[PDB]
Amino acid sequence: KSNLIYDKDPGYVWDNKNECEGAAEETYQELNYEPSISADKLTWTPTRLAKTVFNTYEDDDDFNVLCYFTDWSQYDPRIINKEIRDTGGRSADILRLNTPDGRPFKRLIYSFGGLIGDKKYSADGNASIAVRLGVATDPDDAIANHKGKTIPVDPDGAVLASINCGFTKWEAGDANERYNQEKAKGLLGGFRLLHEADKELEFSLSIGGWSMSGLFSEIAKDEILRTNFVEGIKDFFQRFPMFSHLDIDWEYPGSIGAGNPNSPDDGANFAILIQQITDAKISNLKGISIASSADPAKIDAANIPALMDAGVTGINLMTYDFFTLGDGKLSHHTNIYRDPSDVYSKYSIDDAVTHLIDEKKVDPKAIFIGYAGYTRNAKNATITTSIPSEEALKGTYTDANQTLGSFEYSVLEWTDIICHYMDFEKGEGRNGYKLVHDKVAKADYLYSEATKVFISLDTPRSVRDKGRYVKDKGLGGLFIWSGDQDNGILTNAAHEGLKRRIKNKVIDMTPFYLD
């Protein structure tokens, strides 16, 4: 009996039927997923297995909690009938955020807008998408006249869908017809429904992200491309007046990121672009944020000073994915602290924050730090710490190809954690897994002696401590990567770390912190 999870996929009512009761468990059966044994499987667990438990808190202090909401998280072909069970989607309902009497986030960040001409991401540089959205007359025109212009790269998910976007029936209309605020369905229509329920909620577009930063370096160097880019912002902000913020998540100026063109002049060029956007005087655009790596060497390479000199008002510090497979050592993925000589957990929020404030003279209040709705794992792992309960995490792994995850190898998402890996209500691990608190990092991890799988994750305890860090250090606030993953437990912990008075109580968080 649980206030956090369901014991069986409750399904989803669509067109007066519910075709996906138990769908999550049918997938598990088809794939032979067993939590206490599987080291090398995907779960495909839908967020439907979690109960929705966002509290709300007074949020009118000097901090803000932001939410990256991904436009692919709505999908799950299991919803429609009984045909597909060997794979699935996240099925993340935008309506989990529709709380009474407040909001779990001040600002929802649509993730992600792509760029016309981006041939790293798209074989045709998104040209067919431009045509479908009605911003180009044919694919040649898209590239010839609109290179550098932003558009959502998933028009179904952005402006057409019903399921998990707050709508209850299919209606005729193409993407071109619906690519504006009042006609949108999809996630942008879902954002509008939340806008209509809550006038204080803010909306940001994030352009780029890890897979879509391939075109930034080229755009920022070029006055005609910068001009197309600014036009892209004006167009989107005219089509969707409810938007008021822009996150240009170029990952990262001056360094390699996912394998992008890059140049030492990227940050200086990016600063020209941000000024050019400011100069357009888009009446509803109140603020521009950018992304920063947590690696001080990559921070140096980004020329953060140039960007702040051009009037950037926020830095979303991408404090997650610190554990990357490849070097045979375990690591925390989103930890606040580390010992300076640590070769396992090589990065930390604190190292990065200190670097920005002390070396780059960034205003602390501009900085937002991340908490994560997902994990970074390695199978075939060995914990080598001498006293795990008192000492910093150390450990190694051999072959971690095809490690346990939810939708992609090596990454479990939050629903899987609370349903099959950790029992926060009983205060202990599930299915042969044990939770360890690393007091040096102030981060928790999960590990099973039986499966030999190591799982680095955020918990209520660490997210609360991140909220505490933000407050102590006077930072801007926190963001979740990504908010569609959270059932509310993570975000509750953030608000509590900020010392916020509760307004609407759905769940008592007290027993979930475990000291």
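By the numbers in Swiss-Prot, the shown part of chain A spans 6-520.
Determination method: electron microscopy, 17.0 Å.
Using the three backbone atoms N, Cα and C, a Cβ is placed for every residue, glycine included.
Annotated chitin binding in Swiss-Prot involves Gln186, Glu187, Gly213, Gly214, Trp215, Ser216, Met323, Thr324, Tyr325, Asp326, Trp486 plus, out of the candidates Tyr257, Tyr414, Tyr426, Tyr438, the residue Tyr257.
Summary: among the recorded positions (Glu256, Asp326), the fewest other C-beta atoms within 10 A of the C-beta are counted at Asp326. Least crowded of the binding-site residues (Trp215, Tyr257), judged by neighbouring Cβ atoms within 10 Å of its own Cβ: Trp215. Around the Cβ of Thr324 (chitin binding site), the same chain contributes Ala299, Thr339, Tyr352, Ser353, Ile354, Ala357, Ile374, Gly375, each under 8 angstroms and 6 or more positions distant in sequence.
The Cβ of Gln186 (chitin binding site) lies under 8 Å from the Cβ of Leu193, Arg197, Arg244, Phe245, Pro246, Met247, each of which sits 6+ residues away along the same chain. With a cut-off of 8 Å between CB atoms and residues at least 6 apart in sequence, the same chain places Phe117, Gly118, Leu120, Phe221, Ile253, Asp254, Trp255, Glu256, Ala296 near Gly213 (chitin binding site), listed in sequence order. According to DSSP, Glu256 (active site, proton donor) sits in a coil region rather than a helix or strand. In this entry, chitin is bound by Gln186, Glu187, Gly213, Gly214, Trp215, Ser216, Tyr257, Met323, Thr324, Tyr325, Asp326, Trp486, whose most widely separated C-alpha atoms sit 37 angstrom apart.
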